[PDB]
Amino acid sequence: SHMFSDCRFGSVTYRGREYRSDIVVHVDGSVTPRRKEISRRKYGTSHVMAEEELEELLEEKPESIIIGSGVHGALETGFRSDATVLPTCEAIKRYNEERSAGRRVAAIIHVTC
């Protein structure tokens, strides 16, 4: 069962483990740290997400990419894509939805504003 089971400022729980930093959820259920440097190098801040951040996910050929824009959704997207951007606590619900339905879903979650 690859589900998020908790969302709150500064923290989300995925597959029984709490993450207090931004994370990338891969199609297979794996979790890796969000690569904030990609965006910091391109924009001078990681508050604007570079499309390059999605590049590692595009390889897994997901049917849907969900982006948790954070708690209070301050984080902004610097591109147009099929990816679904939603406030984090709304993003995890949507992820659980699709994952529950069996969809190849991947996500990038921002735990703060």
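Numbering starts at 1 and runs along the sequence shown.
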item	value
26-34 set against 75-83, stretch whose average Cα temperature factor tops the other in the entry	75-83
Given 65-73 and 36-44, the range whose Cα B-factors average higher in the PDB entry	65-73
C-alpha B-factor winner, where the candidates are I109, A106, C7, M3	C7
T13 - which third its CA temperature factor falls in, relative to the rest of the chain	lowest
